[PDB]
Every structure is written in structure tokens, then in C-alpha cells.
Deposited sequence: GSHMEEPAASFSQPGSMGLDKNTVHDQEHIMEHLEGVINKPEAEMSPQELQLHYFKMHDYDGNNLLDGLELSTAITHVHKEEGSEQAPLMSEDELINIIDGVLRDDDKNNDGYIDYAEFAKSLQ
């Protein structure tokens, strides 16, 4: 549920960047790949993550496994919004995302 290790993963963002980006780097900074993760999952194009974008970021199939229940996803997203969001806008900004 948006763990520090899940965000700080060098290969998940590399797998996302395939096709759109043809630049396989050797090794990147944890903050660099975290910024890449933040930019990748903002589908709407507004630099403002919300609950739906986080739900897409957490429960996408990749490449078999049982999907997570809706209650667990609701609890995880509610916890993320409660902990990280501070302006109570319903959106997660990178200023609010910098904590984790």
C-alpha cells in the first residue's frame, strides 16, 4: 500500500517507461526514480494525483494473481489521503507526496 520500497523500485518504472522512453539508465537516484513514478501515474496531466490514479497505480496487472478486494483498496487509499494530504483538497501533490 504505497510502501517506501514499492515507490523506490528501479525496475517497475523501467518497465513503465518502455515504449514511450527508449533510454535504459544504469542506476538512478531514489528521488529520481520516485519523481519518475510520480510523473508516470498522473494520467490526467495535471501534476495532481488523486484516489483514482492511486488505485490505478496499485492494482494494475503488469505481467495470474487474485485482484485486491475493494474494501482493502478503500482502506489503503483512505489511509494515504489521511496521512499525506494536508490541504484537504482530495488531491495528492508532490509537496504532500515528498513525505513518503
_Deposited residues without C-alpha coordinates, grouped into stretches that follow sequence order_ = 1 to 17, 81 to 85, 123 to 124
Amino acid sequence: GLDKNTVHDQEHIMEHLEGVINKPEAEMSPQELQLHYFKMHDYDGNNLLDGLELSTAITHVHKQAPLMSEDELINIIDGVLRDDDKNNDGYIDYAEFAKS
From here on, numbers count along this sequence of modelled residues.
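Between two forms, the rigid core is defined as the largest C-alpha subset superposing within 1.5 Å.
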*Stretch farther from the shown model on average in 4 other deposited structures of this protein, with CA RMS computed after core superposition (46 to 54, 22 to 30)*: 22 to 30
